[PDB]
$ cat input-v2.cif   # mmCIF, N, CA, C and O atoms
data_query
#
loop_
_atom_site.label_atom_id
_atom_site.label_comp_id
_atom_site.auth_asym_id
_atom_site.auth_seq_id
_atom_site.Cartn_x
_atom_site.Cartn_y
_atom_site.Cartn_z
N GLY H 600 64.68 5.04 -33.05
CA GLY H 600 66.13 5.31 -33.04
C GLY H 600 66.36 6.76 -33.45
O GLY H 600 65.56 7.61 -33.09
N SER H 601 67.41 7.02 -34.24
CA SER H 601 67.66 8.33 -34.85
C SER H 601 66.55 8.74 -35.84
O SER H 601 66.42 9.91 -36.18
N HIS H 602 65.74 7.77 -36.28
CA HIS H 602 64.47 7.93 -36.96
C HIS H 602 63.52 6.85 -36.40
O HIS H 602 63.91 6.07 -35.52
N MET H 603 62.28 6.81 -36.90
CA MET H 603 61.26 5.84 -36.55
C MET H 603 60.51 5.42 -37.82
O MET H 603 60.83 5.89 -38.91
N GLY H 604 59.52 4.53 -37.68
CA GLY H 604 58.61 4.11 -38.73
C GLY H 604 57.35 3.54 -38.06
O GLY H 604 57.27 3.51 -36.83
N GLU H 605 56.38 3.12 -38.87
CA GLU H 605 55.14 2.52 -38.40
C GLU H 605 55.42 1.17 -37.73
O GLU H 605 56.30 0.43 -38.18
N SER H 606 54.62 0.79 -36.72
CA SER H 606 54.63 -0.56 -36.16
C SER H 606 54.11 -1.61 -37.16
O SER H 606 54.36 -2.80 -36.99
N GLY H 607 53.40 -1.17 -38.21
CA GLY H 607 52.73 -2.02 -39.19
C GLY H 607 51.22 -1.82 -39.09
O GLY H 607 50.75 -0.86 -38.49
N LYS H 608 50.44 -2.75 -39.66
CA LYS H 608 48.98 -2.75 -39.57
C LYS H 608 48.45 -3.13 -38.17
O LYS H 608 47.26 -3.38 -38.01
N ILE H 609 49.33 -3.23 -37.17
CA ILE H 609 49.05 -3.52 -35.77
C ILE H 609 49.95 -2.55 -35.00
O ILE H 609 51.05 -2.24 -35.48
N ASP H 610 49.53 -2.10 -33.82
CA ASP H 610 50.37 -1.30 -32.93
C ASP H 610 50.16 -1.72 -31.49
O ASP H 610 49.52 -2.72 -31.18
N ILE H 611 50.74 -0.91 -30.61
CA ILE H 611 50.63 -1.00 -29.16
C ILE H 611 49.29 -0.43 -28.69
O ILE H 611 48.69 -0.93 -27.73
N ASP H 612 48.82 0.64 -29.35
CA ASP H 612 47.66 1.42 -28.93
C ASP H 612 46.42 0.52 -28.86
O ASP H 612 45.71 0.50 -27.86
N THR H 613 46.25 -0.30 -29.90
CA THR H 613 45.13 -1.20 -30.12
C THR H 613 45.06 -2.29 -29.04
O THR H 613 44.01 -2.89 -28.83
N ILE H 614 46.17 -2.51 -28.32
CA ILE H 614 46.26 -3.44 -27.20
C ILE H 614 45.92 -2.66 -25.94
O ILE H 614 44.95 -2.97 -25.25
N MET H 615 46.72 -1.64 -25.63
CA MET H 615 46.66 -0.94 -24.35
C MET H 615 45.34 -0.19 -24.17
O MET H 615 44.95 0.08 -23.03
N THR H 616 44.62 0.11 -25.26
CA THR H 616 43.31 0.73 -25.17
C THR H 616 42.27 -0.23 -24.55
O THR H 616 41.28 0.23 -23.99
N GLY H 617 42.50 -1.55 -24.63
CA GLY H 617 41.57 -2.57 -24.17
C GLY H 617 42.20 -3.64 -23.27
O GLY H 617 41.52 -4.61 -22.92
N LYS H 618 43.50 -3.53 -22.95
CA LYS H 618 44.23 -4.42 -22.04
C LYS H 618 45.14 -3.57 -21.15
O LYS H 618 45.57 -2.50 -21.57
N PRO H 619 45.50 -4.06 -19.95
CA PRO H 619 46.51 -3.40 -19.12
C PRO H 619 47.88 -3.53 -19.78
O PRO H 619 48.11 -4.44 -20.58
N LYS H 620 48.83 -2.68 -19.36
CA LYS H 620 50.17 -2.67 -19.94
C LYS H 620 50.84 -4.05 -19.87
O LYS H 620 51.55 -4.40 -20.80
N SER H 621 50.52 -4.86 -18.85
CA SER H 621 50.98 -6.24 -18.67
C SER H 621 50.90 -7.04 -19.98
O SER H 621 51.79 -7.85 -20.24
N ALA H 622 49.90 -6.78 -20.84
CA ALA H 622 49.83 -7.35 -22.18
C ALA H 622 51.11 -7.09 -22.97
O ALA H 622 51.81 -8.04 -23.30
N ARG H 623 51.46 -5.83 -23.27
CA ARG H 623 52.71 -5.49 -23.97
C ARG H 623 53.91 -5.97 -23.15
O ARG H 623 54.83 -6.54 -23.73
N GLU H 624 53.88 -5.79 -21.83
CA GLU H 624 54.95 -6.12 -20.89
C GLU H 624 55.35 -7.59 -21.01
O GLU H 624 56.51 -7.93 -20.80
N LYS H 625 54.40 -8.47 -21.38
CA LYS H 625 54.61 -9.89 -21.62
C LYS H 625 54.81 -10.17 -23.11
O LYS H 625 55.79 -10.80 -23.47
N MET H 626 53.89 -9.71 -23.97
CA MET H 626 53.86 -9.96 -25.41
C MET H 626 55.22 -9.60 -25.98
O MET H 626 55.86 -10.44 -26.62
N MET H 627 55.66 -8.36 -25.70
CA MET H 627 56.90 -7.85 -26.23
C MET H 627 58.07 -8.68 -25.70
O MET H 627 58.96 -9.05 -26.45
N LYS H 628 58.02 -9.05 -24.42
CA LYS H 628 59.07 -9.84 -23.77
C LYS H 628 59.21 -11.21 -24.43
O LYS H 628 60.33 -11.67 -24.66
N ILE H 629 58.09 -11.86 -24.72
CA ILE H 629 58.10 -13.17 -25.35
C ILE H 629 58.75 -13.03 -26.72
O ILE H 629 59.75 -13.70 -26.98
N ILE H 630 58.20 -12.16 -27.58
CA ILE H 630 58.72 -12.01 -28.94
C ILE H 630 60.17 -11.52 -28.95
O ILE H 630 60.91 -11.90 -29.85
N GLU H 631 60.61 -10.76 -27.94
CA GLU H 631 61.97 -10.31 -27.77
C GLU H 631 62.86 -11.54 -27.59
O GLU H 631 63.87 -11.66 -28.27
N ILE H 632 62.48 -12.45 -26.68
CA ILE H 632 63.24 -13.67 -26.45
C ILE H 632 63.21 -14.54 -27.71
O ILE H 632 64.26 -15.04 -28.11
N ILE H 633 62.04 -14.73 -28.34
CA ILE H 633 61.91 -15.58 -29.52
C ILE H 633 62.82 -15.02 -30.61
O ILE H 633 63.60 -15.78 -31.19
N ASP H 634 62.75 -13.72 -30.88
CA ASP H 634 63.52 -13.12 -31.96
C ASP H 634 65.01 -13.15 -31.63
O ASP H 634 65.82 -13.50 -32.48
N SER H 635 65.37 -12.87 -30.36
CA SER H 635 66.76 -12.91 -29.91
C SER H 635 67.36 -14.30 -30.08
O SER H 635 68.50 -14.43 -30.52
N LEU H 636 66.60 -15.35 -29.74
CA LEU H 636 67.04 -16.73 -29.93
C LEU H 636 67.07 -17.11 -31.42
O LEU H 636 67.97 -17.83 -31.85
N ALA H 637 66.10 -16.63 -32.21
CA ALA H 637 66.00 -16.90 -33.64
C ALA H 637 67.05 -16.16 -34.48
O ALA H 637 67.24 -16.52 -35.63
N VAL H 638 67.74 -15.15 -33.93
CA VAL H 638 68.63 -14.23 -34.66
C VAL H 638 69.79 -14.94 -35.39
O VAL H 638 70.49 -14.33 -36.21
N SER H 639 70.04 -16.22 -35.11
CA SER H 639 70.92 -17.07 -35.89
C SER H 639 70.45 -18.53 -35.82
O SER H 639 71.27 -19.45 -35.75
N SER H 640 69.13 -18.75 -35.82
CA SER H 640 68.53 -20.08 -35.84
C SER H 640 67.34 -20.09 -36.81
O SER H 640 66.82 -19.05 -37.18
N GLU H 641 66.89 -21.29 -37.19
CA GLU H 641 65.62 -21.47 -37.89
C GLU H 641 64.45 -21.11 -36.97
O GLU H 641 63.42 -20.64 -37.43
N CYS H 642 64.61 -21.35 -35.66
CA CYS H 642 63.63 -21.06 -34.64
C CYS H 642 64.29 -20.99 -33.26
O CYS H 642 65.39 -21.52 -33.04
N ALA H 643 63.60 -20.34 -32.33
CA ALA H 643 63.87 -20.35 -30.90
C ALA H 643 63.26 -21.59 -30.25
O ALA H 643 62.04 -21.76 -30.26
N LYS H 644 64.08 -22.45 -29.65
CA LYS H 644 63.58 -23.55 -28.82
C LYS H 644 62.75 -23.02 -27.66
O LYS H 644 63.27 -22.25 -26.86
N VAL H 645 61.48 -23.45 -27.51
CA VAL H 645 60.69 -23.01 -26.36
C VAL H 645 61.27 -23.52 -25.04
O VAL H 645 61.01 -22.94 -24.01
N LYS H 646 62.17 -24.52 -25.06
CA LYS H 646 62.98 -24.88 -23.90
C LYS H 646 63.83 -23.71 -23.43
O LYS H 646 64.06 -23.52 -22.23
N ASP H 647 64.36 -22.94 -24.38
CA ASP H 647 65.21 -21.82 -24.07
C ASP H 647 64.36 -20.63 -23.65
O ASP H 647 64.71 -19.91 -22.72
N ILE H 648 63.20 -20.48 -24.29
CA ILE H 648 62.24 -19.46 -23.89
C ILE H 648 61.75 -19.78 -22.48
O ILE H 648 61.66 -18.88 -21.66
N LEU H 649 61.49 -21.05 -22.16
CA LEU H 649 61.15 -21.50 -20.83
C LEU H 649 62.25 -21.15 -19.83
O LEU H 649 61.91 -20.66 -18.75
N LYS H 650 63.53 -21.36 -20.18
CA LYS H 650 64.62 -20.89 -19.32
C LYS H 650 64.48 -19.38 -19.10
O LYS H 650 64.23 -18.95 -17.97
N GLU H 651 64.67 -18.59 -20.15
CA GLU H 651 64.89 -17.15 -20.02
C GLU H 651 63.62 -16.44 -19.56
O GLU H 651 63.69 -15.50 -18.78
N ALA H 652 62.44 -16.92 -19.98
CA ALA H 652 61.19 -16.35 -19.52
C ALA H 652 60.91 -16.71 -18.06
O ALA H 652 60.43 -15.84 -17.33
N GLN H 653 61.27 -17.92 -17.58
CA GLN H 653 61.24 -18.11 -16.13
C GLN H 653 62.25 -17.21 -15.42
O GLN H 653 61.97 -16.78 -14.30
N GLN H 654 63.36 -16.83 -16.08
CA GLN H 654 64.29 -15.85 -15.50
C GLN H 654 63.69 -14.43 -15.45
O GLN H 654 63.91 -13.74 -14.46
N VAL H 655 62.91 -13.98 -16.46
CA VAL H 655 62.18 -12.71 -16.35
C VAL H 655 60.94 -12.83 -15.46
O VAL H 655 60.39 -11.81 -15.06
N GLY H 656 60.53 -14.05 -15.09
CA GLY H 656 59.59 -14.30 -14.02
C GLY H 656 58.25 -14.83 -14.52
O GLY H 656 57.28 -14.89 -13.75
N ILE H 657 58.16 -15.17 -15.80
CA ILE H 657 56.96 -15.71 -16.42
C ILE H 657 56.83 -17.18 -15.99
O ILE H 657 57.82 -17.90 -15.93
N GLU H 658 55.61 -17.63 -15.70
CA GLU H 658 55.35 -19.00 -15.27
C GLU H 658 55.38 -19.93 -16.49
O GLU H 658 54.88 -19.57 -17.55
N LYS H 659 55.92 -21.15 -16.38
CA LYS H 659 55.87 -22.12 -17.48
C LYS H 659 54.46 -22.35 -18.03
O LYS H 659 54.30 -22.38 -19.24
N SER H 660 53.42 -22.38 -17.18
CA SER H 660 52.05 -22.50 -17.68
C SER H 660 51.69 -21.28 -18.54
O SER H 660 51.11 -21.41 -19.62
N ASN H 661 52.11 -20.08 -18.08
CA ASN H 661 52.00 -18.86 -18.86
C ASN H 661 52.75 -19.01 -20.18
O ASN H 661 52.14 -18.75 -21.21
N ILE H 662 54.02 -19.42 -20.18
CA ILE H 662 54.88 -19.39 -21.37
C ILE H 662 54.24 -20.27 -22.44
O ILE H 662 54.20 -19.89 -23.61
N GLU H 663 53.70 -21.41 -22.04
CA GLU H 663 53.21 -22.42 -22.95
C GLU H 663 51.85 -22.01 -23.52
O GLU H 663 51.61 -22.16 -24.73
N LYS H 664 50.95 -21.46 -22.68
CA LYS H 664 49.69 -20.93 -23.21
C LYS H 664 49.90 -19.64 -24.01
O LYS H 664 49.21 -19.44 -25.02
N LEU H 665 50.87 -18.80 -23.63
CA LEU H 665 51.28 -17.60 -24.37
C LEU H 665 51.78 -18.00 -25.75
O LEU H 665 51.25 -17.53 -26.74
N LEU H 666 52.80 -18.87 -25.81
CA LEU H 666 53.35 -19.37 -27.06
C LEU H 666 52.23 -19.93 -27.93
O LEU H 666 52.20 -19.65 -29.13
N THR H 667 51.30 -20.69 -27.32
CA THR H 667 50.15 -21.23 -28.01
C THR H 667 49.28 -20.13 -28.62
O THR H 667 48.97 -20.21 -29.81
N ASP H 668 48.93 -19.09 -27.85
CA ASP H 668 48.17 -17.95 -28.35
C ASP H 668 48.93 -17.31 -29.51
O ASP H 668 48.36 -17.13 -30.58
N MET H 669 50.22 -17.06 -29.33
CA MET H 669 51.06 -16.42 -30.33
C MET H 669 51.07 -17.18 -31.66
O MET H 669 50.81 -16.57 -32.70
N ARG H 670 51.37 -18.49 -31.65
CA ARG H 670 51.41 -19.29 -32.88
C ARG H 670 50.02 -19.37 -33.51
O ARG H 670 49.92 -19.42 -34.73
N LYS H 671 48.96 -19.38 -32.69
CA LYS H 671 47.61 -19.57 -33.18
C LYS H 671 47.04 -18.26 -33.74
O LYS H 671 46.28 -18.29 -34.71
N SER H 672 47.42 -17.12 -33.15
CA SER H 672 47.10 -15.77 -33.59
C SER H 672 47.92 -15.38 -34.83
O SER H 672 47.42 -14.67 -35.70
N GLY H 673 49.17 -15.87 -34.94
CA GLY H 673 50.08 -15.57 -36.04
C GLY H 673 51.17 -14.57 -35.65
O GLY H 673 51.86 -14.04 -36.53
N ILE H 674 51.33 -14.29 -34.36
CA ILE H 674 52.39 -13.45 -33.80
C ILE H 674 53.74 -14.16 -34.00
O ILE H 674 54.77 -13.51 -34.24
N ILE H 675 53.74 -15.49 -33.91
CA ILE H 675 54.89 -16.35 -34.17
C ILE H 675 54.38 -17.55 -34.99
O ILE H 675 53.18 -17.65 -35.26
N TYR H 676 55.26 -18.49 -35.34
CA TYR H 676 54.89 -19.82 -35.84
C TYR H 676 55.85 -20.86 -35.25
O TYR H 676 56.87 -20.49 -34.68
N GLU H 677 55.53 -22.15 -35.40
CA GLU H 677 56.41 -23.24 -35.02
C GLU H 677 57.38 -23.55 -36.14
O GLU H 677 58.54 -23.16 -36.12
N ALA H 678 56.87 -24.31 -37.11
CA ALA H 678 57.58 -25.04 -38.14
C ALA H 678 58.55 -26.13 -37.66
O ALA H 678 58.99 -26.92 -38.49
N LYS H 679 58.84 -26.24 -36.36
CA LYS H 679 59.53 -27.38 -35.77
C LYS H 679 58.86 -27.72 -34.44
O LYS H 679 58.25 -26.84 -33.83
N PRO H 680 58.98 -28.96 -33.95
CA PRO H 680 58.47 -29.33 -32.63
C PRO H 680 59.23 -28.54 -31.57
O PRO H 680 60.46 -28.46 -31.62
N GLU H 681 58.49 -27.98 -30.60
CA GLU H 681 59.03 -27.32 -29.40
C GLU H 681 59.99 -26.16 -29.74
O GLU H 681 60.80 -25.75 -28.90
N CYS H 682 59.91 -25.61 -30.95
CA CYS H 682 60.81 -24.59 -31.46
C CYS H 682 60.00 -23.67 -32.37
O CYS H 682 59.37 -24.13 -33.32
N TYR H 683 59.95 -22.39 -32.01
CA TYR H 683 59.03 -21.40 -32.55
C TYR H 683 59.84 -20.22 -33.08
O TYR H 683 60.93 -19.95 -32.58
N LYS H 684 59.32 -19.48 -34.05
CA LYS H 684 60.03 -18.33 -34.60
C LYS H 684 59.07 -17.16 -34.74
O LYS H 684 57.93 -17.32 -35.17
N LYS H 685 59.55 -15.99 -34.30
CA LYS H 685 58.83 -14.72 -34.27
C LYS H 685 58.46 -14.36 -35.71
O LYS H 685 59.38 -14.38 -36.54
N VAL H 686 57.18 -14.08 -36.01
CA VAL H 686 56.66 -14.10 -37.38
C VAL H 686 57.60 -13.39 -38.36
O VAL H 686 58.13 -14.11 -39.24
#

$ encode --input "input-v2.cif" --output "C-alpha cells"
Amino acid sequence: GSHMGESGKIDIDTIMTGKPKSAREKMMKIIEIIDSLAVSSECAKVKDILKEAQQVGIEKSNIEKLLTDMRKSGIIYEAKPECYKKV
C-alpha cells in the first residue's frame, strides 16, 4: 500500500522459484475467497468457496484437494465440517 511489510517466514519467492505462477495464481485466490468469506464468520463454508472458485474457473476436484492440502499444510484450518478459515 502506501507502505509495505514482510510476507512473514514464508513468501511468494519460495514458491515461484520451484513452481509455475499458477501456484500463487490459485493459492492466493483460494485464501482470498476463504478470508473474504471469513471476514465476518467463524469460517468460510467450502460450499461457498465451491461456488465462487467455480466462478473463477477452479474445478471442484481441484477446490477440494486444494482445501485439503491447505488445511493439512496449515495454510488454513477447518474447525467446523465443510467450513474452513484462512490461518

$ axis_aligned_box --input "input-v2.cif" --around "stretch 611-626 of chain H" --padding-each-side "5 Å" --output "lines of an AutoDock Vina configuration file"
center_x = 48.9
center_y = -4.7
center_z = -24.6
size_x = 25.2
size_y = 22.2
size_z = 21.9

$ closest_atom_pairs --input "input-v2.cif" --of "stretch 602-669 of chain H" --to "stretch 676-684 of chain H" --cutoff "8 Å" --atoms "all atoms listed in the file" --output "Markdown table"
| residue | atom | partner | partner_atom | distance |
| --- | --- | --- | --- | --- |
| H:630 | O | H:684 | C | 7.4 |
| H:632 | O | H:683 | O | 7.4 |
| H:633 | O | H:683 | O | 5.1 |
| H:634 | N | H:684 | C | 6.3 |
| H:636 | C | H:683 | O | 6.9 |
| H:637 | CA | H:683 | O | 6.0 |
| H:640 | O | H:684 | CA | 7.3 |
| H:641 | O | H:684 | CA | 5.0 |
| H:642 | CA | H:683 | O | 3.6 |
| H:643 | N | H:683 | O | 2.7 |
| H:644 | CA | H:681 | O | 3.5 |
| H:645 | N | H:681 | O | 2.8 |
| H:646 | N | H:681 | O | 4.3 |
| H:647 | N | H:681 | O | 6.4 |
| H:648 | N | H:681 | O | 7.4 |
| H:666 | O | H:676 | N | 7.0 |
| H:669 | O | H:676 | N | 5.5 |

$ residues_around --input "input-v2.cif" --residues "residue H:686" --least-positions-apart "6" --cutoff "7 Å" --atoms "only N, CA, C and O atoms" --output "VMD selection string"
chain H and resid 673 to 676

$ select_by_dssp --input "input-v2.cif" --residues "stretch 617-662 of chain H" --states "alpha helix (DSSP H)" --output "PyMOL selection string"
chain H and resi 621-637+645-655+659-662

$ residues_near_point --input "input-v2.cif" --point "(55.0, -14.5, -19.5)" --cutoff "7 Å" --atoms "all atoms listed in the file" --output "list in words"
residues 624, 625, 626, 629, 652, 656, 657, 658, 661, 662 and 665 of chain H

$ atom_distance --input "input-v2.cif" --atom1 "atom CA of residue H:639" --atom2 "atom CA of residue H:621"
28.5 Å

$ select_by_dssp --input "input-v2.cif" --residues "chain H" --states "strand (DSSP E or B)" --output "PyMOL selection string"
chain H and resi 643-644+675-679+682-685

$ write_last_selection --input "input-v2.cif" --atoms "N, CA, C and O atoms" --output "PDB file, in the coordinates of the input"
ATOM      1  N   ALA H 643      63.600 -20.340 -32.330  1.00  0.00           N
ATOM      2  CA  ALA H 643      63.870 -20.350 -30.900  1.00  0.00           C
ATOM      3  C   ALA H 643      63.260 -21.590 -30.250  1.00  0.00           C
ATOM      4  O   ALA H 643      62.040 -21.760 -30.260  1.00  0.00           O
ATOM      5  N   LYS H 644      64.080 -22.450 -29.650  1.00  0.00           N
ATOM      6  CA  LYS H 644      63.580 -23.550 -28.820  1.00  0.00           C
ATOM      7  C   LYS H 644      62.750 -23.020 -27.660  1.00  0.00           C
ATOM      8  O   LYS H 644      63.270 -22.250 -26.860  1.00  0.00           O
ATOM      9  N   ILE H 675      53.740 -15.490 -33.910  1.00  0.00           N
ATOM     10  CA  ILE H 675      54.890 -16.350 -34.170  1.00  0.00           C
ATOM     11  C   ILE H 675      54.380 -17.550 -34.990  1.00  0.00           C
ATOM     12  O   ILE H 675      53.180 -17.650 -35.260  1.00  0.00           O
ATOM     13  N   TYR H 676      55.260 -18.490 -35.340  1.00  0.00           N
ATOM     14  CA  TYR H 676      54.890 -19.820 -35.840  1.00  0.00           C
ATOM     15  C   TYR H 676      55.850 -20.860 -35.250  1.00  0.00           C
ATOM     16  O   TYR H 676      56.870 -20.490 -34.680  1.00  0.00           O
ATOM     17  N   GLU H 677      55.530 -22.150 -35.400  1.00  0.00           N
ATOM     18  CA  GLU H 677      56.410 -23.240 -35.020  1.00  0.00           C
ATOM     19  C   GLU H 677      57.380 -23.550 -36.140  1.00  0.00           C
ATOM     20  O   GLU H 677      58.540 -23.160 -36.120  1.00  0.00           O
ATOM     21  N   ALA H 678      56.870 -24.310 -37.110  1.00  0.00           N
ATOM     22  CA  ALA H 678      57.580 -25.040 -38.140  1.00  0.00           C
ATOM     23  C   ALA H 678      58.550 -26.130 -37.660  1.00  0.00           C
ATOM     24  O   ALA H 678      58.990 -26.920 -38.490  1.00  0.00           O
ATOM     25  N   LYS H 679      58.840 -26.240 -36.360  1.00  0.00           N
ATOM     26  CA  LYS H 679      59.530 -27.380 -35.770  1.00  0.00           C
ATOM     27  C   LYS H 679      58.860 -27.720 -34.440  1.00  0.00           C
ATOM     28  O   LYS H 679      58.250 -26.840 -33.830  1.00  0.00           O
ATOM     29  N   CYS H 682      59.910 -25.610 -30.950  1.00  0.00           N
ATOM     30  CA  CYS H 682      60.810 -24.590 -31.460  1.00  0.00           C
ATOM     31  C   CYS H 682      60.000 -23.670 -32.370  1.00  0.00           C
ATOM     32  O   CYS H 682      59.370 -24.130 -33.320  1.00  0.00           O
ATOM     33  N   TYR H 683      59.950 -22.390 -32.010  1.00  0.00           N
ATOM     34  CA  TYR H 683      59.030 -21.400 -32.550  1.00  0.00           C
ATOM     35  C   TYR H 683      59.840 -20.220 -33.080  1.00  0.00           C
ATOM     36  O   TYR H 683      60.930 -19.950 -32.580  1.00  0.00           O
ATOM     37  N   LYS H 684      59.320 -19.480 -34.050  1.00  0.00           N
ATOM     38  CA  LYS H 684      60.030 -18.330 -34.600  1.00  0.00           C
ATOM     39  C   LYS H 684      59.070 -17.160 -34.740  1.00  0.00           C
ATOM     40  O   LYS H 684      57.930 -17.320 -35.170  1.00  0.00           O
ATOM     41  N   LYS H 685      59.550 -15.990 -34.300  1.00  0.00           N
ATOM     42  CA  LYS H 685      58.830 -14.720 -34.270  1.00  0.00           C
ATOM     43  C   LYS H 685      58.460 -14.360 -35.710  1.00  0.00           C
ATOM     44  O   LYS H 685      59.380 -14.380 -36.540  1.00  0.00           O
TER      45      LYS H 685
END

$ atom_distance --input "input-v2.cif" --atom1 "atom O of residue H:602" --atom2 "atom C of residue H:638"
21.8 Å

$ atom_distance --input "input-v2.cif" --atom1 "atom O of residue H:607" --atom2 "atom N of residue H:670"
18.9 Å

$ closest_residue --input "input-v2.cif" --among "H:649, H:671, H:611, H:660" --to "residue H:623" --atoms "only N, CA, C and O atoms"
H:611
